[PDB]
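Structure file model.pdb (PDB, C-alpha atoms and all ligand atoms) is printed below.
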ATOM      1  CA  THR A   1       3.623  27.451  37.447
ATOM      2  CA  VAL A   2       4.977  24.919  34.838
ATOM      3  CA  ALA A   3       8.811  25.545  34.848
ATOM      4  CA  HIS A   4       8.484  26.058  38.679
ATOM      5  CA  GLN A   5       6.891  22.493  38.899
ATOM      6  CA  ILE A   6       9.950  20.899  37.154
ATOM      7  CA  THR A   7      13.428  19.906  38.407
ATOM      8  CA  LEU A   8      16.288  19.721  35.861
ATOM      9  CA  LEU A   9      18.048  16.448  36.956
ATOM     10  CA  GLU A  10      20.664  15.891  34.167
ATOM     11  CA  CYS A  11      21.728  17.479  30.905
ATOM     12  CA  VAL A  12      21.653  14.704  28.276
ATOM     13  CA  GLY A  13      22.863  17.007  25.480
ATOM     14  CA  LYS A  14      24.188  20.464  24.627
ATOM     15  CA  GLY A  15      24.660  21.647  20.977
ATOM     16  CA  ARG A  16      23.663  24.331  18.431
ATOM     17  CA  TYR A  17      19.956  23.295  19.207
ATOM     18  CA  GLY A  18      20.449  24.477  22.900
ATOM     19  CA  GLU A  19      20.194  21.864  25.720
ATOM     20  CA  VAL A  20      18.090  18.830  26.525
ATOM     21  CA  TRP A  21      17.545  17.849  30.164
ATOM     22  CA  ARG A  22      15.950  14.864  31.873
ATOM     23  CA  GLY A  23      13.552  16.493  34.378
ATOM     24  CA  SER A  24      10.848  15.450  36.857
ATOM     25  CA  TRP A  25       7.290  16.832  36.800
ATOM     26  CA  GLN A  26       4.991  15.262  39.464
ATOM     27  CA  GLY A  27       7.987  12.921  39.988
ATOM     28  CA  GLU A  28       7.661  11.658  36.326
ATOM     29  CA  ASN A  29      10.586  11.832  33.831
ATOM     30  CA  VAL A  30      10.134  14.528  31.117
ATOM     31  CA  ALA A  31      12.496  15.895  28.473
ATOM     32  CA  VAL A  32      13.108  19.652  28.654
ATOM     33  CA  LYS A  33      14.575  21.363  25.661
ATOM     34  CA  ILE A  34      16.102  24.805  26.524
ATOM     35  CA  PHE A  35      16.371  26.764  23.238
ATOM     36  CA  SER A  36      19.534  28.720  22.432
ATOM     37  CA  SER A  37      18.947  32.523  22.755
ATOM     38  CA  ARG A  38      19.380  32.793  18.915
ATOM     39  CA  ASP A  39      16.430  30.441  18.314
ATOM     40  CA  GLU A  40      13.220  31.903  19.780
ATOM     41  CA  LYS A  41      11.589  31.461  16.286
ATOM     42  CA  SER A  42      11.952  27.586  16.529
ATOM     43  CA  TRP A  43      10.463  27.595  20.073
ATOM     44  CA  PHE A  44       7.652  29.907  18.872
ATOM     45  CA  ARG A  45       6.839  27.691  15.806
ATOM     46  CA  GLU A  46       6.968  24.414  17.770
ATOM     47  CA  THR A  47       4.812  25.890  20.610
ATOM     48  CA  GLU A  48       2.406  27.280  17.951
ATOM     49  CA  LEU A  49       2.097  23.929  16.229
ATOM     50  CA  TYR A  50       1.719  21.665  19.331
ATOM     51  CA  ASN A  51      -0.756  24.156  20.935
ATOM     52  CA  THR A  52      -2.958  24.962  17.884
ATOM     53  CA  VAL A  53      -2.993  21.535  16.108
ATOM     54  CA  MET A  54      -4.197  18.173  17.494
ATOM     55  CA  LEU A  55      -0.643  16.775  17.078
ATOM     56  CA  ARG A  56      -0.640  13.421  18.870
ATOM     57  CA  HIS A  57       0.569  10.104  17.349
ATOM     58  CA  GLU A  58       2.690   7.150  18.611
ATOM     59  CA  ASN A  59       5.545   8.131  16.243
ATOM     60  CA  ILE A  60       5.580  11.908  17.014
ATOM     61  CA  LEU A  61       7.326  13.213  20.181
ATOM     62  CA  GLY A  62       4.608  13.711  22.790
ATOM     63  CA  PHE A  63       4.144  17.367  23.791
ATOM     64  CA  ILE A  64       3.414  18.268  27.470
ATOM     65  CA  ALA A  65       4.005  22.028  27.735
ATOM     66  CA  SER A  66       5.930  25.096  26.575
ATOM     67  CA  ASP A  67       6.954  27.824  29.082
ATOM     68  CA  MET A  68       9.185  30.895  29.511
ATOM     69  CA  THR A  69      11.209  31.154  32.750
ATOM     70  CA  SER A  70      14.131  33.194  34.190
ATOM     71  CA  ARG A  71      17.462  31.443  35.095
ATOM     72  CA  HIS A  72      20.966  32.974  35.458
ATOM     73  CA  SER A  73      18.723  36.103  35.372
ATOM     74  CA  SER A  74      17.664  35.975  31.670
ATOM     75  CA  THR A  75      14.762  34.535  29.606
ATOM     76  CA  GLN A  76      14.853  30.789  28.822
ATOM     77  CA  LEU A  77      12.299  29.197  26.396
ATOM     78  CA  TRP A  78      11.393  25.596  27.417
ATOM     79  CA  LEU A  79       9.666  22.858  25.444
ATOM     80  CA  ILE A  80       8.615  19.919  27.689
ATOM     81  CA  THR A  81       7.856  16.492  26.249
ATOM     82  CA  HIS A  82       7.778  12.781  27.066
ATOM     83  CA  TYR A  83      11.202  11.371  28.011
ATOM     84  CA  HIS A  84      12.636   8.516  25.907
ATOM     85  CA  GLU A  85      15.471   6.976  27.965
ATOM     86  CA  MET A  86      17.178   5.320  24.912
ATOM     87  CA  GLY A  87      17.752   8.738  23.290
ATOM     88  CA  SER A  88      18.203   9.384  19.582
ATOM     89  CA  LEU A  89      18.311   6.996  16.653
ATOM     90  CA  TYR A  90      21.777   8.506  15.845
ATOM     91  CA  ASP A  91      23.158   7.401  19.205
ATOM     92  CA  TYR A  92      21.231   4.076  19.183
ATOM     93  CA  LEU A  93      22.734   3.007  15.831
ATOM     94  CA  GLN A  94      26.308   3.519  17.129
ATOM     95  CA  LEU A  95      25.836   1.332  20.261
ATOM     96  CA  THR A  96      24.023  -1.588  18.463
ATOM     97  CA  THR A  97      23.197  -3.779  15.432
ATOM     98  CA  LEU A  98      19.706  -4.692  14.236
ATOM     99  CA  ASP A  99      17.969  -7.910  13.097
ATOM    100  CA  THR A 100      15.406  -7.891  10.245
ATOM    101  CA  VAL A 101      12.498  -7.344  12.673
ATOM    102  CA  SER A 102      14.087  -4.369  14.562
ATOM    103  CA  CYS A 103      15.428  -2.685  11.354
ATOM    104  CA  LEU A 104      11.877  -2.848   9.813
ATOM    105  CA  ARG A 105      10.080  -1.773  13.051
ATOM    106  CA  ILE A 106      12.366   1.345  13.120
ATOM    107  CA  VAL A 107      11.934   2.460   9.474
ATOM    108  CA  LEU A 108       8.152   1.629   9.345
ATOM    109  CA  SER A 109       7.583   3.661  12.560
ATOM    110  CA  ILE A 110       9.441   6.689  11.048
ATOM    111  CA  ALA A 111       7.392   6.341   7.823
ATOM    112  CA  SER A 112       4.224   6.159   9.917
ATOM    113  CA  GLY A 113       5.032   9.375  11.798
ATOM    114  CA  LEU A 114       6.067  11.190   8.590
ATOM    115  CA  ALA A 115       2.837  10.061   6.747
ATOM    116  CA  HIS A 116       0.804  11.301   9.773
ATOM    117  CA  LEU A 117       2.558  14.729   9.508
ATOM    118  CA  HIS A 118       2.120  14.902   5.652
ATOM    119  CA  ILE A 119      -1.657  14.016   5.605
ATOM    120  CA  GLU A 120      -4.416  16.608   6.234
ATOM    121  CA  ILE A 121      -7.217  15.175   8.447
ATOM    122  CA  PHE A 122     -10.639  17.034   8.538
ATOM    123  CA  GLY A 123     -13.261  16.948  11.391
ATOM    124  CA  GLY A 124      -8.308  17.135  12.546
ATOM    125  CA  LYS A 125      -4.891  18.649  11.540
ATOM    126  CA  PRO A 126      -3.425  20.509   8.577
ATOM    127  CA  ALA A 127      -0.810  18.841   6.394
ATOM    128  CA  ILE A 128       2.670  19.460   7.909
ATOM    129  CA  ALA A 129       6.153  19.123   6.447
ATOM    130  CA  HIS A 130       9.084  18.785   8.896
ATOM    131  CA  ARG A 131      12.023  20.295   6.913
ATOM    132  CA  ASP A 132      14.848  19.010   9.263
ATOM    133  CA  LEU A 133      14.429  15.234   9.495
ATOM    134  CA  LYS A 134      17.644  13.428  10.606
ATOM    135  CA  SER A 135      18.677  10.495  12.832
ATOM    136  CA  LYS A 136      19.584  13.010  15.639
ATOM    137  CA  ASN A 137      15.901  14.337  15.669
ATOM    138  CA  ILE A 138      14.318  10.840  15.941
ATOM    139  CA  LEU A 139      13.994   9.180  19.375
ATOM    140  CA  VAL A 140      13.935   5.392  19.971
ATOM    141  CA  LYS A 141      11.124   4.273  22.390
ATOM    142  CA  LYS A 142      11.275   1.162  24.700
ATOM    143  CA  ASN A 143       8.915  -0.813  22.309
ATOM    144  CA  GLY A 144      11.621  -0.341  19.559
ATOM    145  CA  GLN A 145       9.446   2.083  17.499
ATOM    146  CA  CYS A 146      10.721   5.655  16.869
ATOM    147  CA  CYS A 147       9.201   9.114  17.256
ATOM    148  CA  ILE A 148       9.978  12.264  15.270
ATOM    149  CA  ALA A 149      10.878  15.511  17.184
ATOM    150  CA  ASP A 150      12.022  19.106  16.382
ATOM    151  CA  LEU A 151       9.064  20.739  14.527
ATOM    152  CA  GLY A 152      10.624  24.233  14.638
ATOM    153  CA  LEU A 153      11.067  24.472  10.876
ATOM    154  CA  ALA A 154       7.678  22.989  10.070
ATOM    155  CA  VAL A 155       5.400  24.295   7.278
ATOM    156  CA  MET A 156       1.626  23.747   7.207
ATOM    157  CA  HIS A 157      -1.056  23.663   4.487
ATOM    158  CA  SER A 158      -4.894  23.655   4.767
ATOM    159  CA  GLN A 159      -7.143  22.624   1.854
ATOM    160  CA  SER A 160      -9.979  24.885   3.310
ATOM    161  CA  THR A 161      -7.928  28.061   2.471
ATOM    162  CA  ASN A 162      -5.356  26.497   0.133
ATOM    163  CA  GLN A 163      -3.050  28.608   2.406
ATOM    164  CA  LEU A 164       0.589  27.594   2.841
ATOM    165  CA  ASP A 165       1.898  28.730   6.302
ATOM    166  CA  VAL A 166       5.757  28.890   5.976
ATOM    167  CA  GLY A 167       6.388  30.815   9.199
ATOM    168  CA  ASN A 168       9.137  33.334   9.860
ATOM    169  CA  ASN A 169      12.253  31.421  10.898
ATOM    170  CA  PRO A 170      15.740  32.240   9.570
ATOM    171  CA  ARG A 171      17.038  28.742  10.710
ATOM    172  CA  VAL A 172      17.664  26.393   7.674
ATOM    173  CA  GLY A 173      17.800  22.483   7.593
ATOM    174  CA  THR A 174      20.828  20.436   8.705
ATOM    175  CA  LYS A 175      23.228  20.896   5.711
ATOM    176  CA  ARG A 176      24.218  17.155   5.480
ATOM    177  CA  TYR A 177      20.539  16.158   4.864
ATOM    178  CA  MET A 178      19.489  19.053   2.547
ATOM    179  CA  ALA A 179      17.866  17.992  -0.739
ATOM    180  CA  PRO A 180      19.496  19.276  -4.002
ATOM    181  CA  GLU A 181      16.636  21.827  -4.624
ATOM    182  CA  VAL A 182      17.349  23.419  -1.158
ATOM    183  CA  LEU A 183      21.172  23.597  -1.696
ATOM    184  CA  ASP A 184      20.792  25.136  -5.229
ATOM    185  CA  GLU A 185      17.743  27.318  -4.124
ATOM    186  CA  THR A 186      15.537  26.002  -7.010
ATOM    187  CA  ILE A 187      12.899  24.568  -4.532
ATOM    188  CA  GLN A 188       9.408  25.922  -5.470
ATOM    189  CA  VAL A 189       8.721  27.748  -2.158
ATOM    190  CA  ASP A 190       4.941  28.447  -2.843
ATOM    191  CA  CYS A 191       4.003  24.745  -3.357
ATOM    192  CA  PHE A 192       3.423  22.653  -0.170
ATOM    193  CA  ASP A 193       4.478  19.484  -2.123
ATOM    194  CA  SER A 194       8.048  20.956  -2.436
ATOM    195  CA  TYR A 195       8.412  20.689   1.397
ATOM    196  CA  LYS A 196       7.063  17.129   1.635
ATOM    197  CA  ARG A 197       9.587  16.082  -1.111
ATOM    198  CA  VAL A 198      12.454  17.609   0.965
ATOM    199  CA  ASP A 199      11.394  15.331   3.884
ATOM    200  CA  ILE A 200      11.365  12.208   1.597
ATOM    201  CA  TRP A 201      14.981  13.017   0.543
ATOM    202  CA  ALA A 202      16.030  13.204   4.234
ATOM    203  CA  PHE A 203      14.016  10.075   5.024
ATOM    204  CA  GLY A 204      15.983   8.165   2.340
ATOM    205  CA  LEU A 205      19.265   9.207   4.061
ATOM    206  CA  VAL A 206      17.947   7.970   7.437
ATOM    207  CA  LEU A 207      16.767   4.671   5.808
ATOM    208  CA  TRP A 208      20.390   4.274   4.514
ATOM    209  CA  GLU A 209      21.834   4.961   8.007
ATOM    210  CA  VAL A 210      19.579   2.301   9.574
ATOM    211  CA  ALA A 211      19.887  -0.431   6.876
ATOM    212  CA  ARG A 212      23.769  -0.314   7.211
ATOM    213  CA  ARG A 213      23.302  -1.505  10.825
ATOM    214  CA  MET A 214      21.104  -4.565   9.954
ATOM    215  CA  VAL A 215      23.099  -7.887  10.251
ATOM    216  CA  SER A 216      23.053 -10.033   7.014
ATOM    217  CA  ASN A 217      25.329 -13.098   6.289
ATOM    218  CA  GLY A 218      26.793 -12.465   9.804
ATOM    219  CA  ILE A 219      28.194  -8.995   8.732
ATOM    220  CA  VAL A 220      27.229  -5.299   9.120
ATOM    221  CA  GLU A 221      28.676  -1.826   8.323
ATOM    222  CA  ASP A 222      29.923   0.500  11.116
ATOM    223  CA  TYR A 223      27.607   3.456  11.732
ATOM    224  CA  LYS A 224      28.405   6.282   9.237
ATOM    225  CA  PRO A 225      26.449   9.504   8.551
ATOM    226  CA  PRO A 226      25.310  10.136   4.961
ATOM    227  CA  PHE A 227      28.156  11.409   2.703
ATOM    228  CA  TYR A 228      30.752  10.551   5.449
ATOM    229  CA  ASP A 229      33.335   9.871   2.679
ATOM    230  CA  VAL A 230      32.950  13.141   0.649
ATOM    231  CA  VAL A 231      32.378  15.925   3.205
ATOM    232  CA  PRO A 232      33.859  16.880   6.591
ATOM    233  CA  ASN A 233      32.195  16.983  10.037
ATOM    234  CA  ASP A 234      30.006  20.154  10.094
ATOM    235  CA  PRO A 235      29.872  20.374   6.242
ATOM    236  CA  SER A 236      29.323  23.810   4.633
ATOM    237  CA  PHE A 237      26.551  24.797   2.133
ATOM    238  CA  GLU A 238      29.227  24.789  -0.641
ATOM    239  CA  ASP A 239      30.653  21.377   0.486
ATOM    240  CA  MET A 240      27.101  19.902   0.176
ATOM    241  CA  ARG A 241      26.106  21.677  -3.097
ATOM    242  CA  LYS A 242      29.318  20.455  -4.826
ATOM    243  CA  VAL A 243      28.493  16.840  -3.780
ATOM    244  CA  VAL A 244      24.681  16.645  -4.298
ATOM    245  CA  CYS A 245      23.929  19.203  -7.068
ATOM    246  CA  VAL A 246      27.207  19.431  -9.144
ATOM    247  CA  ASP A 247      28.660  15.858  -8.826
ATOM    248  CA  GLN A 248      25.100  14.482  -8.185
ATOM    249  CA  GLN A 249      26.469  11.967  -5.606
ATOM    250  CA  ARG A 250      24.203   9.584  -3.581
ATOM    251  CA  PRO A 251      25.179   7.336  -0.638
ATOM    252  CA  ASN A 252      26.690   4.012  -1.911
ATOM    253  CA  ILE A 253      24.625   0.830  -1.669
ATOM    254  CA  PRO A 254      27.007  -1.705  -0.029
ATOM    255  CA  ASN A 255      27.602  -4.901  -2.146
ATOM    256  CA  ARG A 256      26.512  -7.368   0.650
ATOM    257  CA  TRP A 257      22.870  -5.965   0.505
ATOM    258  CA  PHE A 258      22.236  -7.093  -3.085
ATOM    259  CA  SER A 259      21.832 -10.800  -2.073
ATOM    260  CA  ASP A 260      19.426 -10.089   0.814
ATOM    261  CA  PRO A 261      15.647  -9.599   0.054
ATOM    262  CA  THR A 262      14.879  -7.198   2.949
ATOM    263  CA  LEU A 263      17.925  -4.973   2.149
ATOM    264  CA  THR A 264      17.261  -5.133  -1.661
ATOM    265  CA  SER A 265      13.670  -3.855  -0.881
ATOM    266  CA  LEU A 266      15.182  -1.094   1.403
ATOM    267  CA  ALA A 267      17.826  -0.140  -1.258
ATOM    268  CA  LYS A 268      14.981   0.188  -3.826
ATOM    269  CA  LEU A 269      13.021   2.573  -1.492
ATOM    270  CA  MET A 270      16.097   4.738  -0.767
ATOM    271  CA  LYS A 271      16.913   5.203  -4.518
ATOM    272  CA  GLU A 272      13.301   6.306  -5.078
ATOM    273  CA  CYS A 273      13.631   8.854  -2.190
ATOM    274  CA  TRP A 274      16.804  10.249  -3.903
ATOM    275  CA  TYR A 275      15.712  11.128  -7.491
ATOM    276  CA  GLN A 276      17.182  14.614  -8.191
ATOM    277  CA  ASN A 277      13.717  15.418  -9.665
ATOM    278  CA  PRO A 278      11.552  16.064  -6.524
ATOM    279  CA  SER A 279       8.347  15.086  -8.415
ATOM    280  CA  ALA A 280       9.741  11.564  -9.065
ATOM    281  CA  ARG A 281      10.235  10.750  -5.294
ATOM    282  CA  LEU A 282       7.843   8.347  -3.497
ATOM    283  CA  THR A 283       5.326   9.789  -0.986
ATOM    284  CA  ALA A 284       5.513   8.968   2.775
ATOM    285  CA  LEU A 285       2.216   7.081   2.410
ATOM    286  CA  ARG A 286       3.700   4.898  -0.433
ATOM    287  CA  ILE A 287       6.823   4.308   1.724
ATOM    288  CA  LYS A 288       4.666   3.261   4.754
ATOM    289  CA  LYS A 289       2.609   0.776   2.626
ATOM    290  CA  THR A 290       5.686  -0.815   1.041
ATOM    291  CA  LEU A 291       7.399  -1.250   4.530
ATOM    292  CA  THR A 292       4.142  -2.699   5.960
ATOM    293  CA  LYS A 293       4.493  -5.403   3.192
ATOM    294  CA  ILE A 294       8.286  -6.239   3.569
ATOM    295  CA  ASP A 295       9.432  -9.398   5.575
TER     296      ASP A 295
HETATM  297  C1  LIG B   1      18.912  17.052  20.534
HETATM  298  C2  LIG B   1      17.934  15.947  20.196
HETATM  299  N1  LIG B   1      16.760  15.834  21.124
HETATM  300  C3  LIG B   1      16.495  14.798  22.002
HETATM  301  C4  LIG B   1      15.340  15.061  22.649
HETATM  302  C5  LIG B   1      14.751  14.088  23.628
HETATM  303  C6  LIG B   1      13.407  13.944  23.776
HETATM  304  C7  LIG B   1      12.993  12.966  24.655
HETATM  305  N2  LIG B   1      13.805  12.155  25.296
HETATM  306  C8  LIG B   1      15.105  12.355  25.102
HETATM  307  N3  LIG B   1      15.922  11.554  25.790
HETATM  308  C9  LIG B   1      17.267  11.344  25.719
HETATM  309  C10 LIG B   1      17.815  10.285  26.457
HETATM  310  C11 LIG B   1      19.104   9.952  26.430
HETATM  311  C12 LIG B   1      20.043  10.647  25.667
HETATM  312  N4  LIG B   1      21.367  10.243  25.661
HETATM  313  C13 LIG B   1      21.631   8.840  25.307
HETATM  314  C14 LIG B   1      23.095   8.423  25.650
HETATM  315  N5  LIG B   1      23.962   9.187  24.768
HETATM  316  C15 LIG B   1      23.804  10.617  25.042
HETATM  317  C16 LIG B   1      22.346  11.066  24.887
HETATM  318  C17 LIG B   1      19.498  11.729  24.896
HETATM  319  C18 LIG B   1      18.180  12.055  24.935
HETATM  320  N6  LIG B   1      15.616  13.276  24.252
HETATM  321  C19 LIG B   1      14.882  16.283  22.171
HETATM  322  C20 LIG B   1      13.765  17.075  22.476
HETATM  323  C21 LIG B   1      13.285  17.264  23.834
HETATM  324  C22 LIG B   1      12.231  18.092  24.071
HETATM  325  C23 LIG B   1      11.628  18.787  22.959
HETATM  326  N7  LIG B   1      12.077  18.606  21.674
HETATM  327  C24 LIG B   1      13.082  17.801  21.489
HETATM  328  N8  LIG B   1      15.768  16.780  21.250
END

Transcribe the structure of this file into structure tokens.
Ligand SMILES: CCn1cc(-c2ccnc(Nc3ccc(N4CCNCC4)cc3)n2)c(-c2cccnc2)n1
Amino acid sequence: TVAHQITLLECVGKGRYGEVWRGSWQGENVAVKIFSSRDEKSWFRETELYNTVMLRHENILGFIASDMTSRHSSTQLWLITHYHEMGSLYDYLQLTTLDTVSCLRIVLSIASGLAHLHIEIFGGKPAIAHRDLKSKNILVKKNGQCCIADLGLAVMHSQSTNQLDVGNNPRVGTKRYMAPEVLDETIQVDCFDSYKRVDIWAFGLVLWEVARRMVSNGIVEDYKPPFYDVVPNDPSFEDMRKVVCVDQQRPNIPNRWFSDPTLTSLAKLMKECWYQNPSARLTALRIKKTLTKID
């Protein structure tokens, strides 16, 4: 009596995350994520968050329902959300280039969702950090704004209790996007601010991925993932620690940015998301204000 009301129409992805299907519910398109059997803790955390918190914002993936169902005679865990036909930012950036307006609309919309997650509202949601932000977890909507998905690693904090709720999930972040303090295990795990600073690091990487695809002086970079030149596909913990902690590498700023105002303003933001000192990074709210101002 939720799963039963839904028809899986097509599988639009299969990976370590499980599967994502386009489905119909009352004849309306929905996305259905089917969690891998190894990943009940991500389903549990996401269902806990979207059910217990008023988590609703233009730039956060819109929750509809969570259910358990039997298929091929075993338990499947479903998360059911709005369907975005364009798919992920990761796929979008491969199939197309951006003008100034569409590059800024994308990165401002991501900053707006991230600032909404990071801020505690009273009277209402706790502060939330994401902990696995990446271009593959961000969906592009038909208005050309984005929405953030995949809250299964999220951490919450309430000023009322000054309680940090870190959950019970053995899953770790996407290795490519892990901040230095995560890779070297120096992150201060009892301070909520540590988790928000991990998201700013990842946001910087996504800003880099997007800016590369904005046309300036008639030219543009091909899509590349962060650190494409120094680590393999599916990089290991050790691959990433060598690069980010030991060599202290950062993605290169291309040369053709430096005489463009928009891209100089974006390159400034990304460097201030990437300080090795977490405390020195900008906040999501500071990022959102600055992008509101850029032309
Ligand atoms: C694996 C990333 N992901 C995408 C979606 C998601 C959420 C909502 N809508 C869509 N739509 C979508 C449309 C087209 C594609 N394709 C584009 C062409 N290239 C192949 C993929 C992919 C996804 N995807 C979700 C998701 C779903 C439910 C709950 N939580 C997360 N995860």

ask   = Smallest atom-to-atom distance to ligand LIG 1 (chain B): which of A:211, A:285, A:149, A:2, using only C-alpha atoms and all ligand atoms?
value =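 Comparing A:211, A:285, A:149, A:2 against ligand LIG 1 (chain B), the winner is A:149.
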
message = Please enumerate the residues selected by the PyMOL selection byres (((chain A and resi 159) around 9) and not hetatm) when evaluated against the supplied file, formatted as a PyMOL selection string.
response = chain A and resi 120+126-127+157-158+160-163

message = Using all atoms listed in the file, which residues of the polymer chains come no farther than 9 Å from ligand LIG 1 (chain B)? I'd like the answer as a ChimeraX atom specification.
response = /A:11-22,30-34,46,61-63,78-88,91-92,136-141,148-151

task = Excluding range 216-219 of chain A and residues on its chain fewer than 5 positions from it, collect all residues at most 9 Å away from it, counting only C-alpha atoms, and give them as a list in words.
result =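 My list of contacting residues is residues 99, 100, 256, 257, 260 and 263 of chain A.
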
query = Which residues fall under the PyMOL selection byres (((chain A and resi 275) around 12) and not hetatm) in this file, as a VMD selection string?
reply = chain A and resid 179 to 181 197 to 198 200 to 202 204 244 to 245 248 to 250 268 to 274 276 to 282

N, CA, C and O atoms are needed for range 147-159 of chain A; please write them out as a compact mmCIF listing (two decimals), keeping the file's coordinate frame.
# COMPACT_ATOMS: atom_id res chain seq x y z
N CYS A 147 10.09 7.95 17.35
CA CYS A 147 9.20 9.11 17.26
C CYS A 147 10.01 10.30 16.76
O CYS A 147 11.20 10.43 17.08
N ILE A 148 9.36 11.06 15.90
CA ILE A 148 9.98 12.26 15.27
C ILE A 148 9.82 13.46 16.22
O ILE A 148 8.70 13.75 16.67
N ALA A 149 10.87 14.28 16.36
CA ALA A 149 10.88 15.51 17.18
C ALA A 149 11.34 16.70 16.35
O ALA A 149 11.70 16.43 15.18
N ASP A 150 11.38 17.90 16.96
CA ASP A 150 12.02 19.11 16.38
C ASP A 150 11.14 19.55 15.22
O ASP A 150 11.64 19.58 14.05
N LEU A 151 10.00 20.15 15.52
CA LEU A 151 9.06 20.74 14.53
C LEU A 151 9.30 22.24 14.28
O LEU A 151 8.42 22.87 13.73
N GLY A 152 10.48 22.79 14.60
CA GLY A 152 10.62 24.23 14.64
C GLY A 152 10.79 24.83 13.27
O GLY A 152 10.60 26.08 13.17
N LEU A 153 10.99 23.98 12.26
CA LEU A 153 11.07 24.47 10.88
C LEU A 153 9.82 24.07 10.11
O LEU A 153 9.73 24.28 8.86
N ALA A 154 8.83 23.55 10.79
CA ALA A 154 7.68 22.99 10.07
C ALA A 154 6.88 24.04 9.28
O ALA A 154 6.75 25.25 9.63
N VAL A 155 6.29 23.56 8.19
CA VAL A 155 5.40 24.30 7.28
C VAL A 155 4.07 23.57 7.28
O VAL A 155 4.07 22.36 7.33
N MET A 156 2.99 24.31 7.15
CA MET A 156 1.63 23.75 7.21
C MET A 156 0.84 24.20 5.97
O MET A 156 1.15 25.26 5.33
N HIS A 157 -0.13 23.38 5.61
CA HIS A 157 -1.06 23.66 4.49
C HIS A 157 -2.46 23.18 4.87
O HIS A 157 -2.58 22.09 5.35
N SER A 158 -3.47 23.98 4.56
CA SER A 158 -4.89 23.66 4.77
C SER A 158 -5.60 23.69 3.40
O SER A 158 -5.50 24.69 2.70
N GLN A 159 -6.30 22.64 3.07
CA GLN A 159 -7.14 22.62 1.85
C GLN A 159 -8.27 23.66 1.94
O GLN A 159 -8.49 24.25 0.86
